[PDB]
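The structure under discussion appears below in the form of structure tokens.
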Amino acid sequence: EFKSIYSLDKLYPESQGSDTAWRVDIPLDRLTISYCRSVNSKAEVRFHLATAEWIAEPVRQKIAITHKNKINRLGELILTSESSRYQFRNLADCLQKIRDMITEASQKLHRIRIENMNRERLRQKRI
Amino acid sequence: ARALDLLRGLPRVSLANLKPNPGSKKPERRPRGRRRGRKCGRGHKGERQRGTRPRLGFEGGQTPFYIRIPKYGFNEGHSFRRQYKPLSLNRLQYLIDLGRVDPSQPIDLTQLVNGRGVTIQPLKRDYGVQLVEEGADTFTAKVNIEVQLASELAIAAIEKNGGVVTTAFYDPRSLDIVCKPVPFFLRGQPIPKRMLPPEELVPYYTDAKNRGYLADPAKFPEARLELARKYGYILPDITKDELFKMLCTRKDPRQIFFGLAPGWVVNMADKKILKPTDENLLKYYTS
Amino acid sequence: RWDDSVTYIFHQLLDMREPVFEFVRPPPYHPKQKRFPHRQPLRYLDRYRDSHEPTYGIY
Amino acid sequence: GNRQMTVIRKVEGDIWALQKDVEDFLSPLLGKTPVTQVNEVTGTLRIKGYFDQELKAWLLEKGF
Amino acid sequence: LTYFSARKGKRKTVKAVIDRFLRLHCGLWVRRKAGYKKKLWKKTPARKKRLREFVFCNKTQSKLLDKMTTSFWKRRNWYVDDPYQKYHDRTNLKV
Amino acid sequence: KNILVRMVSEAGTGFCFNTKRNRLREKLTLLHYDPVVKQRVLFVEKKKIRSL
RNA sequence: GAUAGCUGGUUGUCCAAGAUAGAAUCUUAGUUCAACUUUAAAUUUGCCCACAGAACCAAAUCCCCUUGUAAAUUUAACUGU
RNA sequence: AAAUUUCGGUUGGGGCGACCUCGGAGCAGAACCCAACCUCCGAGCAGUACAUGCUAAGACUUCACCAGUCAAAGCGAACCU
Ligand SMILES: [Mg+2]
Ligand SMILES: [Mg+2]
Ligand SMILES: [Mg+2]
Ligand SMILES: [Mg+2]
Ligand SMILES: [Mg+2]
Ligand SMILES: [Mg+2]
Ligand SMILES: [Mg+2]
Ligand SMILES: [Mg+2]
Ligand SMILES: [Mg+2]
Ligand SMILES: [Mg+2]
Ligand SMILES: [Mg+2]
């Protein structure tokens, strides 16, 4: 009805569509969502890694080899992250972690090293 | 109750049976007596008895405590730092549940002031209302919300529920007029036109991330999909709903009132509106 | 110590969710929060928050 | 700065019954008896200690 | 101090306190240790670090500063971006 | 006896610090740790503003 | 109706609690802080405590469980010393 | 030659003489504590690096405040009296 001076139609004569301003990986239906407060909410996510159709074979193999502590007894990559009061931030952090894992798959320890070296040295025992 | 049963008796309650609440009217304490005399609760000789002590904060002459501390720009530009009253998502849900601020109409500042959800004040360097991400969960409103400030978290929380988040800027005079439009109309002046933000808010309002009224409208779905992929939740196509034309209203700039336009003159008595004729007036108002 | 053979045994000839530990340390001391710290820095209030995020009452 | 109590400002009818009910309901929460202070005049009631959420839940369960 | 003004007939706030202190809704007064900008070459690093940190006020000092101010300064401060936004409200306290 | 001069930083402009030096000796060019670059850099004194 | 660290005075009945280490101050005839004292309130430990513990160039003192007790910390006030 | 102002404090009464900030020895002998016109010894600094860098749990604290003192860690280099 009314049209001001700096209306949206005049500021940008290219995208003048009235309904064009509301038009258009990691499937949500495949992943599981469940919360359990423990004072900070906890966003739990789980999904079968073997049947992950939305992940490539080498990426799945790398995720299963590296991130092995998160694998479930039934073959599910369980991961949780609780660092805020709201669950939306926790879900966003979990999604970002999943994306980082996928990307790095598509690509303190000195004591353990010394221990393994000493073990290998002591392994010397042949007839 | 027993109150009326007891009142049935006793004489009438005239003006002679009045008595204040025992413990409220503290008896006066005047200095006229043995205990309240001799010195009159003032002390021995000195300025205490004479009532002529130094100013407040004085410490006999030494550098007072409130001077020995150096200066600092704590409240330097405090008289100009923009301030907005917080608005929680839980507060919006409570308002929608209690009836006031119906979601069937745009959630403009006038509607919030009428419903009295966040009582703001035109004075006190206030230039609108901000948003808070308190009620991120258990929120289901679905309505075009208009707030000056808004974060990505709450923006997505509102969008996934079928809403439309937007941001605007109300000038001091425009904000005061929007706060109390009844006295503005009663004063007898034409509806002015809100000016543009300063250089500090131009880049903030000319971006599609925070949903601004001075950015490209084609970037809205891009930021929507970005926030969706960030926080999950598939975007519900608002184009395929029932209240599309109602939520499509964006309120063009230089328009203080969502319904009325600048230049028009409203009149309380005899509900009528005058047209701002004259080519010069129209050119100065809306070109 | 820990190894993959342990998990293999657990999931093969035990049939039970194996446990996991982390060795958690005791929480900090943090004495009784005084009303007027006087000489404490601005970080005094930071030791009693839950948690950093902007918390607002009702408005 | 120390004392902190709830206030049921709206009370109509027998206040002694409500006080006794609240006392019986709050006894298992602290073992002792809550120091109440009924006011027949102004239908009010004070209970030493914070019990806003618990009292609200109890009243909602009772149905008022 | 001026308990009563000569034009309107109200209290008056000493701008020195407002310039040398910072008001908070929690009821505490923030200040800055003196000597944080003079003779810094002879001060040991620990002293310089301790002097560059904020400090609170005592009960008597806080009450004096409050008396030297009006109710206008006790208003909230919902700044768009202020580093002291998470300090106006005090949480977790039991006497 | 020990003038207090300011040491200028070559790399990472905007960071300096003062040091002591005797009144009878060549200028100083000692190393110092910078906060911007987070590395050691040779400094150069310039402009004295003290006499003790 | 000037000011004045200074002299003088500051109106009826009765009940209760009610004596201070010091520092600064163009300051020791005056002021502030601290300390003593008063009011309403939330908390639990307040004092004599017993083995022991506490330095190279005499009467003593600090912590101190059971034991006598019911006193002590804090919050918000403010005059008085 | 006109116009405003002051002539700081201790002094076993006031001036004179001397002093005005801080550290130690006895008074103050065994946690702290206390007086100097009581008797003494010293200082407004002195020598090498410039990680004498950036951060931060908890404490002592000259009897108050302003002012001062120690510090697990965290990042960065190591293989002060
Ligand atoms: Mg009287
Ligand atoms: Mg002076
Ligand atoms: Mg007089
Ligand atoms: Mg005098
Ligand atoms: Mg006389
Ligand atoms: Mg008389
Ligand atoms: Mg008596
Ligand atoms: Mg002086
Ligand atoms: Mg004299
Ligand atoms: Mg002290
Ligand atoms: Mg270390």
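Going by the structure tokens order, chains are called A, B, ..., each with residues numbered from 1, while ligands are numbered from 1 in the order shown.
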**Request:** Excluding residue 19 in chain A and residues on its chain fewer than 2 positions from it, collect all residues at most 12 Å away from it, counting only C-alpha atoms (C1' of nucleotides), and give them as a PyMOL selection string.
**Result:** (chain A and resi 15-17+21-24) or (chain B and resi 217-218+220-221+237-240+244-245+247-250)
For the residues in that selection, give me N, CA and C atoms as a CSV table (one decimal), in the first residue's frame.
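Result file part-v4.csv:
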chain,number,residue,atom,x,y,z
A,15,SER,N,16.6,-7.8,-6.7
A,15,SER,CA,15.8,-8.8,-6.0
A,15,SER,C,14.5,-8.1,-5.5
A,16,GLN,N,13.6,-7.8,-6.4
A,16,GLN,CA,12.4,-7.1,-6.0
A,16,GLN,C,11.2,-8.1,-5.8
A,17,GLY,N,11.4,-9.4,-5.9
A,17,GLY,CA,10.4,-10.4,-5.7
A,17,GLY,C,9.9,-10.4,-4.2
A,21,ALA,N,12.2,-13.9,-1.3
A,21,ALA,CA,13.1,-13.8,-0.1
A,21,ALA,C,12.9,-15.0,0.9
A,22,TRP,N,12.0,-15.9,0.6
A,22,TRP,CA,11.8,-17.1,1.4
A,22,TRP,C,11.8,-18.3,0.6
A,23,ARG,N,12.9,-18.6,-0.2
A,23,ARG,CA,13.0,-19.7,-1.0
A,23,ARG,C,14.4,-20.2,-1.0
A,24,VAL,N,14.6,-21.5,-1.0
A,24,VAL,CA,15.9,-22.1,-1.0
A,24,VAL,C,16.6,-21.9,-2.3
B,217,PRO,N,17.4,-8.8,0.3
B,217,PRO,CA,16.4,-9.8,0.7
B,217,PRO,C,16.7,-11.2,0.2
B,218,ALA,N,17.6,-11.4,-0.8
B,218,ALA,CA,17.9,-12.7,-1.4
B,218,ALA,C,18.9,-13.5,-0.5
B,220,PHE,N,18.6,-13.7,2.8
B,220,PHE,CA,17.9,-14.3,3.9
B,220,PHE,C,17.9,-15.8,3.9
B,221,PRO,N,17.4,-16.5,2.8
B,221,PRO,CA,17.5,-18.0,2.8
B,221,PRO,C,18.9,-18.5,3.0
B,237,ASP,N,9.3,-24.6,5.3
B,237,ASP,CA,9.0,-23.7,4.2
B,237,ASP,C,7.8,-22.8,4.6
B,238,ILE,N,8.1,-21.5,4.9
B,238,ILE,CA,7.1,-20.6,5.3
B,238,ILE,C,6.1,-20.3,4.1
B,239,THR,N,6.6,-20.4,2.9
B,239,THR,CA,5.8,-20.2,1.7
B,239,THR,C,4.6,-21.1,1.6
B,240,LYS,N,4.7,-22.3,2.2
B,240,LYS,CA,3.6,-23.3,2.2
B,240,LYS,C,3.0,-23.4,3.5
B,244,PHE,N,0.9,-16.5,5.4
B,244,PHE,CA,2.0,-16.0,4.6
B,244,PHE,C,2.0,-14.5,4.4
B,245,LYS,N,0.9,-14.0,3.8
B,245,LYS,CA,0.8,-12.6,3.6
B,245,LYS,C,0.9,-11.8,4.9
B,247,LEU,N,2.7,-12.6,7.6
B,247,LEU,CA,4.1,-12.5,8.0
B,247,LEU,C,5.0,-11.9,7.0
B,248,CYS,N,4.5,-11.6,5.7
B,248,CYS,CA,5.3,-11.0,4.7
B,248,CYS,C,5.6,-9.5,4.9
B,249,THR,N,4.8,-8.9,5.8
B,249,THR,CA,4.9,-7.5,6.1
B,249,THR,C,6.3,-7.2,6.7
B,250,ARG,N,7.1,-6.4,6.1
B,250,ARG,CA,8.4,-6.0,6.6
B,250,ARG,C,8.5,-4.6,7.1
**Message:** So that I can check the surroundings of range 87-100 of chain B, please list as a PyMOL selection string every protein, DNA and RNA residue that reaches within 12 Å of it, counting only C-alpha atoms (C1' of nucleotides) and ignoring chain neighbours fewer than 2 positions away.
**Reply:** (chain B and resi 84-85+102-105+107+109+111-120+128-143+145-151+153-155+157-158) or (chain C and resi 54-59) or (chain E and resi 78)
Could those selected residues go to a file with N, CA and C atoms, as a compact mmCIF listing (two decimals), in the first residue's frame?
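Listed below is the output, selection-v5.txt:
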# COMPACT_ATOMS: atom_id res chain seq x y z
N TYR B 84 19.20 -1.26 25.92
CA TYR B 84 17.92 -1.88 25.58
C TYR B 84 17.50 -2.81 26.70
N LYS B 85 16.20 -2.83 26.98
CA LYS B 85 15.68 -3.69 28.04
C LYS B 85 15.70 -5.14 27.57
N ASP B 102 -1.06 -11.06 21.20
CA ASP B 102 -1.48 -12.19 20.40
C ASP B 102 -0.53 -12.39 19.22
N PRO B 103 -0.18 -13.64 18.89
CA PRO B 103 0.73 -13.87 17.76
C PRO B 103 0.07 -13.75 16.40
N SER B 104 -1.22 -13.45 16.34
CA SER B 104 -1.91 -13.30 15.06
C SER B 104 -1.54 -12.01 14.34
N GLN B 105 -0.87 -11.08 15.00
CA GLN B 105 -0.46 -9.82 14.42
C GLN B 105 1.04 -9.63 14.63
N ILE B 107 4.51 -8.62 16.02
CA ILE B 107 4.94 -8.32 17.38
C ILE B 107 5.73 -7.02 17.37
N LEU B 109 6.69 -3.05 18.57
CA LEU B 109 6.92 -2.45 19.88
C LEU B 109 5.63 -1.92 20.49
N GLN B 111 2.62 -3.22 20.20
CA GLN B 111 1.89 -4.35 20.78
C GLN B 111 2.49 -4.76 22.11
N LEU B 112 3.83 -4.78 22.20
CA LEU B 112 4.48 -5.15 23.45
C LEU B 112 4.20 -4.12 24.54
N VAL B 113 4.21 -2.83 24.18
CA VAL B 113 3.92 -1.79 25.15
C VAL B 113 2.47 -1.89 25.63
N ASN B 114 1.55 -2.21 24.72
CA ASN B 114 0.15 -2.38 25.10
C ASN B 114 -0.02 -3.57 26.04
N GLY B 115 0.56 -4.71 25.68
CA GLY B 115 0.50 -5.88 26.54
C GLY B 115 1.30 -5.74 27.82
N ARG B 116 2.23 -4.78 27.86
CA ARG B 116 3.04 -4.52 29.05
C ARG B 116 3.85 -5.76 29.44
N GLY B 117 4.72 -6.18 28.52
CA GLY B 117 5.61 -7.30 28.76
C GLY B 117 7.00 -6.84 29.15
N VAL B 118 7.46 -5.76 28.52
CA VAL B 118 8.77 -5.18 28.82
C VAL B 118 8.62 -3.67 28.88
N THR B 119 8.25 -3.15 30.05
CA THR B 119 8.03 -1.72 30.23
C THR B 119 9.34 -0.97 30.02
N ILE B 120 9.46 -0.28 28.90
CA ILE B 120 10.64 0.53 28.61
C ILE B 120 10.32 1.99 28.90
N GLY B 128 15.02 1.32 21.84
CA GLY B 128 14.39 0.08 21.44
C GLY B 128 14.51 -1.02 22.49
N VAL B 129 14.38 -2.27 22.05
CA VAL B 129 14.43 -3.43 22.93
C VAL B 129 15.34 -4.47 22.31
N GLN B 130 16.08 -5.19 23.15
CA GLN B 130 16.96 -6.26 22.70
C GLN B 130 16.30 -7.61 22.95
N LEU B 131 17.01 -8.67 22.56
CA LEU B 131 16.51 -10.03 22.70
C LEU B 131 17.48 -10.85 23.55
N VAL B 132 16.94 -11.88 24.20
CA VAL B 132 17.72 -12.77 25.05
C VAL B 132 17.43 -14.21 24.65
N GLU B 133 18.44 -15.06 24.79
CA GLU B 133 18.33 -16.48 24.44
C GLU B 133 18.05 -17.34 25.66
N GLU B 134 17.17 -16.89 26.55
CA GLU B 134 16.84 -17.64 27.76
C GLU B 134 16.00 -18.86 27.42
N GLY B 135 14.77 -18.64 26.98
CA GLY B 135 13.87 -19.73 26.65
C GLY B 135 14.17 -20.35 25.29
N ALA B 136 15.37 -20.92 25.15
CA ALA B 136 15.73 -21.56 23.88
C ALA B 136 14.90 -22.81 23.64
N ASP B 137 14.60 -23.56 24.69
CA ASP B 137 13.80 -24.77 24.60
C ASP B 137 12.39 -24.53 25.11
N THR B 138 11.49 -25.45 24.77
CA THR B 138 10.09 -25.36 25.18
C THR B 138 9.46 -24.06 24.68
N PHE B 139 9.82 -23.66 23.46
CA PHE B 139 9.31 -22.44 22.85
C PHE B 139 8.62 -22.80 21.54
N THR B 140 7.37 -22.35 21.39
CA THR B 140 6.59 -22.61 20.18
C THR B 140 5.61 -21.45 20.01
N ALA B 141 6.02 -20.44 19.25
CA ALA B 141 5.21 -19.26 19.01
C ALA B 141 4.80 -19.12 17.55
N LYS B 142 5.76 -19.19 16.63
CA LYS B 142 5.47 -19.06 15.21
C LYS B 142 4.80 -17.72 14.92
N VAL B 143 5.60 -16.66 14.81
CA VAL B 143 5.07 -15.32 14.54
C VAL B 143 6.23 -14.39 14.21
N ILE B 145 8.56 -11.65 14.61
CA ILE B 145 9.00 -10.87 15.76
C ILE B 145 9.91 -9.75 15.27
N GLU B 146 9.77 -8.57 15.88
CA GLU B 146 10.55 -7.39 15.53
C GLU B 146 11.27 -6.90 16.77
N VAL B 147 12.58 -7.09 16.81
CA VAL B 147 13.41 -6.65 17.93
C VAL B 147 14.68 -6.03 17.37
N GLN B 148 15.17 -4.98 18.03
CA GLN B 148 16.36 -4.29 17.55
C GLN B 148 17.55 -5.24 17.44
N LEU B 149 17.88 -5.92 18.54
CA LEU B 149 18.99 -6.85 18.58
C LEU B 149 18.48 -8.29 18.62
N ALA B 150 19.34 -9.21 18.19
CA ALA B 150 19.01 -10.63 18.17
C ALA B 150 20.26 -11.42 17.86
N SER B 151 20.41 -12.57 18.51
CA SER B 151 21.57 -13.43 18.32
C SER B 151 21.22 -14.58 17.39
N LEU B 153 21.64 -17.78 17.82
CA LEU B 153 20.98 -18.88 18.51
C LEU B 153 19.48 -18.66 18.59
N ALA B 154 19.06 -17.53 19.16
CA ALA B 154 17.64 -17.24 19.28
C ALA B 154 17.00 -17.01 17.92
N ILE B 155 17.74 -16.43 16.97
CA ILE B 155 17.21 -16.25 15.62
C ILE B 155 16.81 -17.60 15.03
N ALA B 157 16.30 -20.41 16.76
CA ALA B 157 15.25 -20.99 17.59
C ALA B 157 13.87 -20.47 17.19
N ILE B 158 13.80 -19.21 16.78
CA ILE B 158 12.52 -18.63 16.36
C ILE B 158 12.18 -19.03 14.93
N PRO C 54 25.49 -15.13 29.61
CA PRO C 54 24.69 -14.04 30.17
C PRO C 54 23.36 -14.53 30.73
N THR C 55 23.26 -14.56 32.06
CA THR C 55 22.04 -14.99 32.73
C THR C 55 21.24 -13.76 33.15
N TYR C 56 19.95 -13.75 32.81
CA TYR C 56 19.06 -12.66 33.15
C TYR C 56 17.85 -13.21 33.89
N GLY C 57 17.39 -12.47 34.89
CA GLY C 57 16.26 -12.89 35.69
C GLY C 57 14.97 -12.94 34.90
N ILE C 58 14.17 -11.88 35.00
CA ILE C 58 12.88 -11.80 34.31
C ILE C 58 12.70 -10.37 33.81
N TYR C 59 12.25 -10.25 32.56
CA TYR C 59 12.03 -8.94 31.96
C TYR C 59 11.00 -9.03 30.83
N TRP E 78 22.16 -1.86 30.66
CA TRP E 78 22.00 -2.85 29.59
C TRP E 78 22.73 -2.41 28.33
**Prompt:** Which protein, DNA or RNA residues have an atom within 12 Å of ligand 1, counting only C-alpha atoms (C1' of nucleotides) and all ligand atoms, as a VMD selection string?
**Reply:** (chain B and resid 27 to 41) or (chain G and resid 10 to 12)
Distance table requested - chain B against ligand 2, cut-off 9 Å, only C-alpha atoms and all ligand atoms: one row per qualifying residue with the closest atom pair and its distance in Å to one decimal, ordered by chain and rising residue number, as a Markdown table.
| residue | atom | partner | partner_atom_place_in_ligand_line | distance |
| --- | --- | --- | --- | --- |
| B:60 | CA | ligand 2 | 1 (Mg) | 8.3 |
| B:61 | CA | ligand 2 | 1 (Mg) | 5.0 |
| B:62 | CA | ligand 2 | 1 (Mg) | 5.0 |
| B:63 | CA | ligand 2 | 1 (Mg) | 7.4 |
Give me the residues within 8 Å of range 14-16 of chain D as a PDB file with N, CA, C and O atoms, in the first residue's frame, counting only C-alpha atoms (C1' of nucleotides) and dropping any in the same chain fewer than 6 places off.
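Resulting contents of result_30.pdb:
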ATOM      1  N   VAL D  38       0.942 -16.679  61.045  1.00  0.00           N
ATOM      2  CA  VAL D  38      -0.332 -16.412  60.388  1.00  0.00           C
ATOM      3  C   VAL D  38      -0.846 -15.042  60.812  1.00  0.00           C
ATOM      4  O   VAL D  38      -0.519 -14.533  61.890  1.00  0.00           O
ATOM      5  N   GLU D  40      -4.598 -13.364  60.894  1.00  0.00           N
ATOM      6  CA  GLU D  40      -6.033 -13.498  60.664  1.00  0.00           C
ATOM      7  C   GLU D  40      -6.587 -12.290  59.918  1.00  0.00           C
ATOM      8  O   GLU D  40      -7.415 -12.436  59.012  1.00  0.00           O
ATOM      9  N   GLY D  43      -5.165 -11.914  55.237  1.00  0.00           N
ATOM     10  CA  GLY D  43      -4.975 -13.309  54.893  1.00  0.00           C
ATOM     11  C   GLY D  43      -3.606 -13.597  54.312  1.00  0.00           C
ATOM     12  O   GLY D  43      -3.479 -13.883  53.117  1.00  0.00           O
TER      13      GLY D  43
END
**Point-to-point distance from CA of residue 16 in chain B to CA of residue 1 in chain B, Å rounded to tenths** =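 Rounded to one decimal, the two atoms are 25.3 Å apart.
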**Request:** Provide the CA of residue 87 in chain A to CA of residue 24 in chain C distance in Å, to one decimal place.
**Result:**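 We find that CA of residue 87 in chain A and CA of residue 24 in chain C lie 24.7 Å from each other.
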